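Report on the following structure.
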Amino acid sequence: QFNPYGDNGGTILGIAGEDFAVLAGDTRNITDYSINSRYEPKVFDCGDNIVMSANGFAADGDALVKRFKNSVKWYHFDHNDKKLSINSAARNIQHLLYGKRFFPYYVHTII
Amino acid sequence: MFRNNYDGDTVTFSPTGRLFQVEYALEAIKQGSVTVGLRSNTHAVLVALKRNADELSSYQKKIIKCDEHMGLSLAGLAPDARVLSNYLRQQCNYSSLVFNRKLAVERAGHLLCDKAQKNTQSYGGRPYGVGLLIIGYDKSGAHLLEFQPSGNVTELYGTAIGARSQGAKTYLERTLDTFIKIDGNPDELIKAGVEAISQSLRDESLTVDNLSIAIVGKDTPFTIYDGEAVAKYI
Amino acid sequence: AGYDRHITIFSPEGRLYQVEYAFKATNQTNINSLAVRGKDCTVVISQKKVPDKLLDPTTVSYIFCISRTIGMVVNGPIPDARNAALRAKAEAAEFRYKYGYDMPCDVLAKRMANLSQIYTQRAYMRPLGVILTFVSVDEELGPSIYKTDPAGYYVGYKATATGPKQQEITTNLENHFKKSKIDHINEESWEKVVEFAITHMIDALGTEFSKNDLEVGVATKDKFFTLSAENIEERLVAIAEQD
Amino acid sequence: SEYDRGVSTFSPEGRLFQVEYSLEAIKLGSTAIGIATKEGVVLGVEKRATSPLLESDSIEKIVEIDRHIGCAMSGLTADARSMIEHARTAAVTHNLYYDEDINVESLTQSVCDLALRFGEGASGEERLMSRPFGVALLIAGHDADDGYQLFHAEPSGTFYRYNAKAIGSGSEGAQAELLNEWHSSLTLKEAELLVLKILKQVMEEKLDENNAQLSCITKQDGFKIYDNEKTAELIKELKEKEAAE
Amino acid sequence: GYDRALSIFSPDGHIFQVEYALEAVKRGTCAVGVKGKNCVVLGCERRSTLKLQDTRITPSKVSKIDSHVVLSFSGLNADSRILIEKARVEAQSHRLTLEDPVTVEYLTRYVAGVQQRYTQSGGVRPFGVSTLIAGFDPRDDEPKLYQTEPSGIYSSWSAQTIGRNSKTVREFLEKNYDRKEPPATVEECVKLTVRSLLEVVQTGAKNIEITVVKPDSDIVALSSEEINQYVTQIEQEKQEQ
Amino acid sequence: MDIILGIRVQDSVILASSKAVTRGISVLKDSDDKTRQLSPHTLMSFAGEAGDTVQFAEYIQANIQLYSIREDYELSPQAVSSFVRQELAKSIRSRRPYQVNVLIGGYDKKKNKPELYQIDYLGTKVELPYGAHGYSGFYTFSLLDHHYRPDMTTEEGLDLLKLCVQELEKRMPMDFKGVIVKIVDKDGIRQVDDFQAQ
Amino acid sequence: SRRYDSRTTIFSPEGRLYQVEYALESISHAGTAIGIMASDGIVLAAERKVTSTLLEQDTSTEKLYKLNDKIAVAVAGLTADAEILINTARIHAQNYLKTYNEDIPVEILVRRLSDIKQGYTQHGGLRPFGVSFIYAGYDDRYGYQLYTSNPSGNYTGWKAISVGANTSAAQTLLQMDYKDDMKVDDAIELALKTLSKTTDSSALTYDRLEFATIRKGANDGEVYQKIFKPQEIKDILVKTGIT
Amino acid sequence: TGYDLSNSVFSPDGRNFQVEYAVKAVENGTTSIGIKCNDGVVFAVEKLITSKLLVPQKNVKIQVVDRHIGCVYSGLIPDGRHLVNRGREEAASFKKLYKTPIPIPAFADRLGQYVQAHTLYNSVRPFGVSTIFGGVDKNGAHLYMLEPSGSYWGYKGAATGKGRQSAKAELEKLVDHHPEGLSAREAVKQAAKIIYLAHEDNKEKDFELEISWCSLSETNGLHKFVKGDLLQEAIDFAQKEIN
Amino acid sequence: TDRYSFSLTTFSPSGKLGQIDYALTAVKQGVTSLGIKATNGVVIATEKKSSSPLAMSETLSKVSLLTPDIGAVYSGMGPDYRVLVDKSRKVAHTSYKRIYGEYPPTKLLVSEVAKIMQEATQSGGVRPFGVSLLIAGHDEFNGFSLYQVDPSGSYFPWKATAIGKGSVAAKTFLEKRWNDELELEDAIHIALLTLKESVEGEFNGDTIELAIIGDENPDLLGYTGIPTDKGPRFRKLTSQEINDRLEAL
């Protein structure tokens with residue numbers, strides 16, 4: 001029986017300040033009881049002043065983000081390099097995620 | 001008497017081996033405004049003369065981005081260009097996500113040729129009525145190309161297309177030895193392009209409302225200068 | 001005012017000229033071919049005109065090997081014939097696969113005369129301007145020869161001809177068969193039959209041939225082969241004296 | 001004489017006449033006028049009814065695309081209903097995906113990428129619909145990036161942005177007049193009497209609040225279509241200033 | 001000439017094929033819709049010219065689409081039967097997906113939607129029908145009356161007519177129907193509908209069909225006598241002056 | 001399951017149908033009408049799976065009504081139930097079948113006779129003098145086998161049906177929250193809002 | 001020159017559909033067929049057109065057909081176009097029976113068919129049906145019924161109708177003698193008493209006819225449908241006015 | 001004539017003019033030549049510099065297929081690239097199936113069969129180019145030249161384009177004074193020569209020469225571009241003899 | 001010429017589809033062929049013409065077996081008939097034998113074939129078949145049968161008839177010497193004397209192809225053990241059986 005999922009540990013955190021925001025996340029990456037790398041980032045700037053991190057199953061994470069970033073790219077292409085309002089961003093991420101409602105991305109994402 | 005039973009469809013060869021419908025297409029590129037492109041060994045440049053309707057309407061742009069390192073200017077039927085420039089944006093994105101390598105300019109030519117291709121060999125349609133000058137900066141430095149609706153993409157050093165484009169091409173053909181060497185300095189490569197374009201004006205002169213410019217190179221991601229910002233060249 | 005433009009419209013006298021015109025194209029070939037059957041062999045003849053010091057003749061034939069038993073000769077443009085040669089060349093492969101045994105000459109010709117009929121009634125394409133001549137040594141009829149045309153026709157030939165010279169190569173044979181009162185050439189080996197055609201052709205054309213002006217193939221007890229370049233010179237010699 | 005019968009046929013001088021005739025179809029519509037002001041944008045149209053038994057509001061020549069975008073069409077009505085429909089879906093969808101309002105020009109954009117779907121034959125993709133739409137659009141809207149904008153959509157597939165523009169049977173004289181009136185510092189009430197004035201002019205029939213419809217859009221209240229009493233007195237209040245000078 | 005196809009514009013921006021379809025509506029018999037302020041009344045004429053045929057199941061020109069909406073036409077008979085069917089089904093599908101029964105405009109819109117769909121691609125011919133849709137929306141009391149053309153456009157009217165000699169009947173209506181004050185009685189609203197056809201009927205009430213529709217899904221056809229009871233009362237004041 | 005009873009008498013059909021609706025632990029309603037009139041003289045009760053139940057009912061109703069304006073004639077009880085069994089019949093062999101059981105009771109103005117058809121989700125149809133779906137039969141069928149007579153008055157039927165319910169209450173574990181009764185006849189459908197108002 | 005009759009997809013400047021009109025014109029080339037209503041039955045009478053000495057006609061039929069066990073039709077026009085319909089007309093008829101488990105009402109069946117004929121008039125690449133039909137049947141909704149349908153897709157209900165050749169004549173004569181209640185054996189009378197007058201042949205010979213009728217009563221609480229045999233004809237034919 | 005409009009149509013003499021006109025467009029493009037040395041081949045094309053603004057060394061007209069096939073054509077340039085991409089798939093799927101890089105002779109049919117096809121349907125335009133290509137397989141080197149009708153053969157060396165005859169007579173020659181395979185190196189040299197001599201039809205339009213070759217000894221089985229030093233030599237080794 | 005005879009989809013002002021009649025012309029041209037119904041059999045025959053005696057005519061049938069109780073012949077475009085045949089022998093299994101465990105009656109095969117003949121018509125983009133066949137067979141409940149099928153798709157039943165060039169008169173000859181009684185041997189006779197005048201070539205055993213439907217041949221099966229499976233009624237006479245009946249005129 002082929003099981004398409006895996007957990008690569010990790011923890012991320014996001015606090016919203018009065019006029020700034022942070023998003024942290026350790027760099028360790030694991031598999032069961034072993035180490036895969038002591039430094040493998042899980043927190044990226046996606047452009048338009050938006051940080052994002054998807055934590056859970058390593059691969060679904062990389063996928064979502066890439067998929068999100070390629071999406072910011074086209075939002076500009078179609079609306080005159082207009083800036084992506086972080087709220088407008090979350091709404092968009094929803095559709096991305098719900099896109100796979102029946103073969104879900106095994107991750108907890110945070111922008 | 002005196003008909004031409006060989007120009008009804010893109011799918012018919014005249015007795016001499018000519019595709020008239022395609023020819024008429026180019027003719028529509030001649031009827032459009034002018035645009036110029038020229039490059040050195042560190043940058044490429046697009047200079048275009050936007051046109052308009054009333055003193056109330058806006059000037060229709062003709063420079064289009066495609067990636068951080070690529071773009072083009074157009075002449076002719078606006079819509080066709082949209083489709084083309086768009087197909088291009090797609091091709092670059094694929095070559096970016098999948099392989100993670102910036103699409104080389106020559107490749108973008110082949111691609112725009114093979115797509116324009118299909119429309120000269122099948123029944124029912126018509127050929128794209130629009131010419132484009134593409135510019136970019138891959139791993140072989142600067143790059144300039146000139147595509148025509150027949151699927152003929154040629155890589156130049158400079159050029160212009162559009163009504164009266166002639167004069168500007170002439171100019172570029174002389175000042176060549178001069179600009180091909182304008183390296184490290186963008187401000188001069190553009191002043192050159194602007195000179196060359198003026199060789200094609202007859203009605204008015206370029207004002208801040210109808211002038212468009214664009215550059216890309218070594219440490220300059222494809223950016224477009226519009227209106228109030230191109231003033232230092234007028 | 002265009003009957004003859006469409007492959008589907010009948011003239012007031014049920015003609016369909018497009019199919020008719022198809023034929024004249026089977027002639028601008030300017031190559032003649034006759035095929036005669038032995039008693040356990042079958043041979044087809046055809047001239048090999050190579051009008052250019054540049055074309056390397058090895059790649060200049062009008063007879064291909066459909067299957068390891070059937071051979072074919074075509075009276076038409078190398079492009080069109082090369083097509084047909086392929087379809088049939090494939091019908092063979094598939095037939096075997098779907099039925100357990102090697103496909104007969106007589107059949108393959110019917111798949112084609114049929115194929116070039118549907119080809120022509122549904123109008124899904126223009127009819128190929130060539131004539132196909134199928135030869136082989138069947139295990140239920142040995143000396144077998146069938147020939148299909150563009151109009152989707154076919155039949156058996158005790159030995160036939162095709163080219164810009166139908167009647168000549170033909171009548172010449174009608175008088176030779178009018179005597180022997182039989183329907184086949186008598187001889188124990190191919191070698192000798194071959195000699196019979198070249199022999200009985202120069203007679204109708206009125207010209208000598210060398211090891212390059214002709215081209216022949218033959219069929220044995222299940223083993224179709226094309227006559228060699230140099231080897232064709234052989235029987236040409238042997239029959240240059242027993243006149 | 002011979003090259004004007006195929007929507008995919010270039011004339012010897014690189015022209016597509018069927019497309020041109022398409023436009024000539026609009027001139028037959030009644031006039032529509034749009035004037036943009038730093039206060040808001042105005043849209044007005046001549047109704048022109050064949051009979052007194054028609055119900056006026058039956059003729060939707062000005063409609064809402066969304067709370068912040070409205071428009072007036074001219075040309076074939078059936079062809080309009082289809083664009084208006086697409087446009088509305090375009091807006092609402094974008095809203096759904098982004099939780100925001102579609103830029104006026106980005107909407108106008110999608111409306112043109114629709115007309116761009118004419119042509120029958122099969123040279124690759126597929127866009128089912130034979131010929132060009134027979135209608136133009138005056139899209140008045142407003143968004144946080146470029147403020148009050150006014151656009152002109154043509155079946156050709158292109159569009160321009162205007163300060164003021166007129167389409168339909170009268171766009172000839174109307175466009176001239178507007179060329180000599182419009183100025184950046186026009187108030188909303190000022191443009192209303194101007195759109196109203198130019199219609200009366202190059203219109204025809206006695207200008208009553210029955211054969212003339214007037215609307216406008218603002219940041220504050222979005223797209224609103226002026227009711228009959230308002231327009232009615234806006235006409236009197238108008239026709240009056242004509243006495244003196 | 002340029003009137004050969006639906007996909008070609010004439011130099012002046014027309015599309016004649018669709019226009020010619022309309023020329024057929026004029027061929028059919030006359031229909032006339034007249035609304036009051038508590039009802040709507042449709043009227044027609046019977047092609048009573050060549051009869052030795054049945055009578056029982058003779059078309060009334062007027063058809064019900066739902067319990068609260070009726071439709072009448074003019075033009076290619078056979079063409080009309082399909083629109084009536086298609087609109088009937090849609091009327092039931094609407095209830096299935098929204099509980100609420102259709103609105104008179106939603107129906108008119110759906111119909112004209114179809115009529116227009118048949119003028120899109122070539123290898124299709126526009127319906128040679130023109131129609132009048134009348135009725136009352138669900139739990140509403142404002143009478144409604146719309147008309148649709150072969151081209152695909154729809155419109156609402158206070159009263160309207162289509163078919164041969166519709167120019168005449170229209171003139172009449174125009175100088176009689178008061179926009180400010182519609183017939184306030186079903187009886188007078190009928191009277192007005194009748195007297196209008198009585199200018200193209202060629203005498204007799206044997207050539208006139210009348211159907212009345214009020215609110216609350218209450219519809220009802222008229223009989224031959226009742227109809228004559230008006231031909232009667234209007235043939236009086238006619239020479240009475 | 002829900003309660004679905006029905007009985008044909010002298011000149012009419014009577015339908016009983018429990019009123020409660022339950023989602024797991026709670027009872028979201030105790031006044032639900034499991035009925036749905038297909039036409040002036042045809043009535044159809046139902047009971048089955050949560051969603052499937054009324055999506056189907058309405059669908060059927062829509063078809064009948066369509067047919068009725070189109071033909072301007074009213075489809076007969078016999079032909080109506082036939083149509084239903086057809087659909088359900090096709091349903092059972094489809095990606096996902098409706099799990100709905102039904103009772104159809106109409107008045108055949110053509111024969112002037114009341115008729116009651118009982119159909120289960122499998123497409124099994126049968127004409128009966130009285131019927132019930134699910135577990136509902138075991139508690140009643142004997143009482144009706146005992147007292148039912150074809151000559152019965154509408155007035156007598158109700159009295160009978162009352163007994164069956166009283167039994168359903170005394171021995172059934174579920175509390176169905178009472179029933180709602182309805183009568184079909186030459187004059188159409190009406191609701192005995194007095195078996196509830198009692 | 002230039003005319004608007006090149007296809008069905010085209011309105012003439014006056015909204016005419018010529019192509020359809022021409023099909024409607026193909027009917028006047030068919031054998032006359034009649035249908036007469038009666039207080040207790042319906043009669044179908046036709047007159048075989050085609051003729052020759054050696055033409056089998058005692059077994060097979062050409063103008064009268066059973067669609068339902070309670071519905072019958074008279075054909076007139078394109079032979080092949082007639083069967084295509086007749087068959088589907090039969091399938092539809094059985095689906096109604098299979099769905100409602102009742103027999104399909106006449107008007108419904110006539111309407112379904114007219115609705116198909118309608119459709120071949122509005123879509124490109126299609127040619128309308130060159131047929132006309134006289135439907136005679138009975139259902140519990142409206143007792144006996146007589147209907148007619150043409151290529152344009154319209155249908156109607158007559159009390160006595162004729163289609164085919166010399167319709168003017170046949171139609172006229174009927175319009176005259178038809179008594180509105182007329183019993184069956186008087187309609188079968190009037191059938192020939194009309195067909196006769198509008199023929200050509202030196203004499204009206206039995207082998208040139210086709211009769212069928214629909215009767216019912218208290219007896220068989222249902223309908224009996226009969227299609228006369230060559231015999232019964234040659235007989236009832238004499239009982240009238242033929243030696 | 002009405003026989004030169006459609007692409008499928010046969011003229012009364014079995015002539016397909018649309019394909020012929022196709023050729024007229026081919027013998028007008030630039031000039032392309034193909035040399036077959038002992039082991040491997042040599043290709044060369046004439047590139048025309050219209051203006052001074054044309055980055056040199058760029059805008060290549062010779063394409064490699066897989067990694068062992070040379071390929072050059074003349075006529076409609078877009079049609080060019082096209083016919084080759086197909087060849088590129090046709091190649092690839094073949095190696096993916098059999099492992100062994102595609103047989104130069106096999107390859108040709110694939111292309112022919114394809115070009116073949118564009119002469120069958122009237123909804124498409126025949127290929128407007130003549131193609132020359134070849135490479136080294138298991139049976140050494142081969143050199144073909146396909147044309148607008150799909151017709152083709154093997155050559156000792158050939159060429160098409162506006163100026164081809166001179167290229168031919170000065171080509172047949174090399175054959176006569178060398179009957180036994182030319183020379184790897186030497187081929188290149190004499191190649192750059194055969195172009196110049198043929199350019200005298202574009203004389204007033206300065207040009208740029210492009211050569212590629214494929215050889216079991218210099219390339220090592222693979223097809224490579226002749227750039228660098230040997231590229232110069234070959235030019236002068238031709239510029240000298242041009243005097 | 002009209003402007004209506006070049007479209008299957010087009011009605012002439014009178015009401016005549018065109019392309020059909022010209023198709024029906026290619027038939028009225030083909031070689032003469034006839035069919036006679038007996039009382040205990042049915043005979044179908046058609047002539048043969050050689051392009052040249054260099055060709056083997058004994059490898060191209062003209063009287064074909066569709067079912068072991070039905071055979072058929074033709075007059076018109078050769079090639080059509082060849083495949084129209086194999087499509088008929090199939091639509092005979094897939095449409096009847098495979099649903100009813102038995103072969104089809106005469107009437108229905110002829111109609112299943114006219115069905116395929118119909119398609120060729122109703123539809124632009126294809127041309128109808130230039131052939132007209134006479135199909136003859138017999139089935140238990142219907143006795144023997146004779147039918148004609150034209151491109152128009154229509155089909156009729158005869159007692160005797162002919163189609164082809166020499167038909168006007170051949171169809172006249174038969175008319176004279178036919179009566180309900182002729183035994184099969186008589187028909188086989190009457191046929192030859194009619195296939196007689198209708199020729200300019202010769203009258204040997206090869207240039208004549210005739211077959212007939214009659215009694216069962218318990219020999220022509222290949223097996224024996226099953227009582228009911230008795231044999232095929234269709235018999236294509238051999239070159240010999242012929243010329244013998246030719247001597248006795």
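Quick note on naming: the chains in the structure tokens go A, B, ... in the order shown, residues restart at 1 in each chain, and ligands are numbered from 1 in order of appearance.
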**Request:** Pick out the residues sitting within 9 Å of residue E:142, and hand them over as an MDAnalysis selection string; count only C-alpha atoms, and ignore anything fewer than 4 positions along from it in its own chain.
**Result:** chainID E and resid 37:39 136:137 215
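Using only C-alpha atoms, the residues found no farther than 10 Å from residue C:12, other than those of its own chain fewer than 6 positions away, are residues 3 of chain C; 1, 5, 6, 18, 19, 21, 22, 23, 24, 25 and 26 of chain I.
Of the listed residues (E:103, E:120, E:29, E:63), E:120 comes nearest to residue D:118; the distances count only C-alpha atoms.
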**Message:** Could you list, as a count of residues only, every residue within 10 Å of residue E:220, counting only C-alpha atoms and ignoring same-chain residues fewer than 5 positions away?
**Reply:** 5
**Request:** Among the residues of stretch 30-154 of chain B, find those DSSP assigns to strand (DSSP E) from the backbone and print them as a PyMOL selection string.
**Result:** chain B and resi 35-39+43-49+63-67+70-76+130-138+141-148+152-154
Output C-alpha atoms of each residue in that selection to a file, as a PDB file, in the first residue's frame.
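Saved the output as out15.pdb:
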ATOM      1  CA  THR B  35       8.681  51.641 -32.925  1.00  0.00           C
ATOM      2  CA  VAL B  36      12.430  51.231 -32.568  1.00  0.00           C
ATOM      3  CA  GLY B  37      14.835  48.860 -30.893  1.00  0.00           C
ATOM      4  CA  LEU B  38      18.595  48.786 -30.599  1.00  0.00           C
ATOM      5  CA  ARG B  39      21.071  47.183 -28.243  1.00  0.00           C
ATOM      6  CA  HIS B  43      21.389  46.533 -22.588  1.00  0.00           C
ATOM      7  CA  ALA B  44      18.599  46.520 -25.150  1.00  0.00           C
ATOM      8  CA  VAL B  45      16.093  49.301 -25.807  1.00  0.00           C
ATOM      9  CA  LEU B  46      12.594  49.790 -27.089  1.00  0.00           C
ATOM     10  CA  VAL B  47      11.339  53.221 -28.072  1.00  0.00           C
ATOM     11  CA  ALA B  48       7.771  53.566 -29.260  1.00  0.00           C
ATOM     12  CA  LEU B  49       5.524  56.305 -30.563  1.00  0.00           C
ATOM     13  CA  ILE B  63       5.434  47.958 -25.066  1.00  0.00           C
ATOM     14  CA  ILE B  64       4.726  44.648 -23.262  1.00  0.00           C
ATOM     15  CA  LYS B  65       6.531  42.816 -20.455  1.00  0.00           C
ATOM     16  CA  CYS B  66       7.025  39.039 -20.529  1.00  0.00           C
ATOM     17  CA  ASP B  67       9.382  38.287 -17.681  1.00  0.00           C
ATOM     18  CA  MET B  70      12.151  40.085 -21.612  1.00  0.00           C
ATOM     19  CA  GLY B  71       9.732  42.255 -23.555  1.00  0.00           C
ATOM     20  CA  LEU B  72       8.540  43.558 -26.891  1.00  0.00           C
ATOM     21  CA  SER B  73       7.004  46.461 -28.740  1.00  0.00           C
ATOM     22  CA  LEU B  74       4.394  46.121 -31.471  1.00  0.00           C
ATOM     23  CA  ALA B  75       3.028  47.520 -34.727  1.00  0.00           C
ATOM     24  CA  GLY B  76      -0.358  46.725 -36.207  1.00  0.00           C
ATOM     25  CA  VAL B 130       1.409  42.518 -36.233  1.00  0.00           C
ATOM     26  CA  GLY B 131       5.157  42.830 -36.038  1.00  0.00           C
ATOM     27  CA  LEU B 132       7.188  42.726 -32.876  1.00  0.00           C
ATOM     28  CA  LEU B 133      10.668  43.744 -31.781  1.00  0.00           C
ATOM     29  CA  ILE B 134      11.753  41.610 -28.869  1.00  0.00           C
ATOM     30  CA  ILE B 135      14.573  42.400 -26.480  1.00  0.00           C
ATOM     31  CA  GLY B 136      16.096  40.574 -23.530  1.00  0.00           C
ATOM     32  CA  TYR B 137      19.215  39.617 -21.615  1.00  0.00           C
ATOM     33  CA  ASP B 138      20.011  35.902 -21.165  1.00  0.00           C
ATOM     34  CA  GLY B 141      24.113  39.159 -22.861  1.00  0.00           C
ATOM     35  CA  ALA B 142      21.987  41.622 -24.774  1.00  0.00           C
ATOM     36  CA  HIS B 143      19.607  40.467 -27.518  1.00  0.00           C
ATOM     37  CA  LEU B 144      17.260  42.000 -30.128  1.00  0.00           C
ATOM     38  CA  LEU B 145      14.868  40.262 -32.567  1.00  0.00           C
ATOM     39  CA  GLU B 146      12.420  41.197 -35.262  1.00  0.00           C
ATOM     40  CA  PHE B 147       9.387  39.009 -35.925  1.00  0.00           C
ATOM     41  CA  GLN B 148       6.991  39.305 -38.862  1.00  0.00           C
ATOM     42  CA  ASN B 152      10.198  35.080 -39.885  1.00  0.00           C
ATOM     43  CA  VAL B 153      12.140  36.043 -36.814  1.00  0.00           C
ATOM     44  CA  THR B 154      15.510  37.655 -37.516  1.00  0.00           C
TER      45      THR B 154
END
**Asked** Quick one: residues within 12 Å of residue A:37, only C-alpha atoms counted, chain neighbours fewer than 5 positions away excluded, as JSON, numbers by chain?
**Response** {"A": [8, 9, 10, 26, 27, 28, 29, 30, 31]}
**Item:** Shell of 9 Å around residue F:78, only C-alpha atoms, local chain residues under 4 positions omitted, as a PyMOL selection string
**Value:** (chain F and resi 82-83+106+108+115-117) or (chain G and resi 100-102)
Could you produce a table of the residues of chain C lying within 7 Å of chain H, with the nearest pair of atoms per residue and their separation in Å rounded to one decimal, using only C-alpha atoms, ordered by chain and increasing residue number, as a Markdown table?
| residue | atom | partner | partner_atom | distance |
| --- | --- | --- | --- | --- |
| C:5 | CA | H:9 | CA | 6.0 |
| C:18 | CA | H:10 | CA | 6.4 |
| C:21 | CA | H:14 | CA | 5.2 |
| C:22 | CA | H:14 | CA | 5.6 |
| C:23 | CA | H:14 | CA | 6.8 |
| C:24 | CA | H:14 | CA | 5.1 |
| C:25 | CA | H:14 | CA | 4.2 |
| C:53 | CA | H:172 | CA | 6.5 |
| C:54 | CA | H:156 | CA | 5.5 |
| C:55 | CA | H:155 | CA | 4.4 |
| C:56 | CA | H:155 | CA | 5.2 |
| C:59 | CA | H:154 | CA | 5.6 |
| C:60 | CA | H:153 | CA | 6.9 |
| C:78 | CA | H:151 | CA | 6.0 |
| C:79 | CA | H:151 | CA | 4.9 |
| C:83 | CA | H:113 | CA | 6.5 |
| C:125 | CA | H:120 | CA | 5.7 |
| C:126 | CA | H:120 | CA | 5.5 |
**Prompt:** Can you list, as a PyMOL selection string, every protein, DNA or RNA residue that comes within 8 Å of stretch 36-44 of chain G when you count only C-alpha atoms, leaving out same-chain residues fewer than 6 positions away?
**Reply:** chain G and resi 64+73-74+136-137+144-146+158-161+180-184+187-188+191+210-217
**Asked** Would you give me, as number ranges by chain, the residues in stretch 111-202 of chain B that DSSP reads as alpha helix (DSSP H)?
**Response** B: 111-118, 165-179, 186-198
**Prompt:** Any idea which chain D residues end up within 12 Å of chain H if we count only C-alpha atoms, as a PyMOL selection string please?
**Reply:** chain D and resi 121-123
Atoms to include: N, CA, C and O atoms. Write the selected residues as a PDB file, in the first residue's frame.
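This is the output file again-v2.pdb:
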ATOM      1  N   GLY D 121     -13.455  28.201 -38.595  1.00  0.00           N
ATOM      2  CA  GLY D 121     -12.617  27.487 -39.553  1.00  0.00           C
ATOM      3  C   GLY D 121     -11.883  26.304 -38.941  1.00  0.00           C
ATOM      4  O   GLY D 121     -12.076  25.159 -39.373  1.00  0.00           O
ATOM      5  N   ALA D 122     -11.044  26.598 -37.940  1.00  0.00           N
ATOM      6  CA  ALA D 122     -10.234  25.614 -37.196  1.00  0.00           C
ATOM      7  C   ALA D 122      -8.751  25.537 -37.636  1.00  0.00           C
ATOM      8  O   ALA D 122      -8.352  24.645 -38.420  1.00  0.00           O
ATOM      9  N   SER D 123      -7.950  26.479 -37.118  1.00  0.00           N
ATOM     10  CA  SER D 123      -6.510  26.550 -37.401  1.00  0.00           C
ATOM     11  C   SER D 123      -5.699  26.240 -36.132  1.00  0.00           C
ATOM     12  O   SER D 123      -4.478  26.447 -36.102  1.00  0.00           O
TER      13      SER D 123
END
Go through chain B residue by residue and, counting only C-alpha atoms, keep those with an atom at most 12 Å from chain A; for each kept residue give the shortest atom pair and its distance in Å to one decimal, ordered by chain and increasing number, as a Markdown table.
| residue | atom | partner | partner_atom | distance |
| --- | --- | --- | --- | --- |
| B:64 | CA | A:77 | CA | 10.0 |
| B:65 | CA | A:77 | CA | 8.4 |
| B:66 | CA | A:77 | CA | 8.7 |
| B:67 | CA | A:73 | CA | 9.5 |
| B:68 | CA | A:73 | CA | 10.6 |
| B:82 | CA | A:78 | CA | 11.8 |
| B:85 | CA | A:77 | CA | 11.5 |
| B:86 | CA | A:77 | CA | 9.8 |
| B:89 | CA | A:77 | CA | 9.3 |
| B:90 | CA | A:74 | CA | 10.3 |
| B:92 | CA | A:70 | CA | 12.0 |
| B:93 | CA | A:70 | CA | 8.4 |
| B:94 | CA | A:70 | CA | 10.5 |
| B:96 | CA | A:70 | CA | 10.0 |
| B:97 | CA | A:66 | CA | 8.2 |
| B:98 | CA | A:66 | CA | 10.9 |
| B:100 | CA | A:66 | CA | 11.6 |
| B:223 | CA | A:81 | CA | 11.4 |
| B:224 | CA | A:81 | CA | 11.6 |
**Asked** Hey, what's within 12 Å of residue A:41 if we count only C-alpha atoms and toss same-chain stuff fewer than 2 positions away? As a ChimeraX atom specification, please?
**Response** /A:10-12,24-29,37-39,43-45,52-55,58,61-62
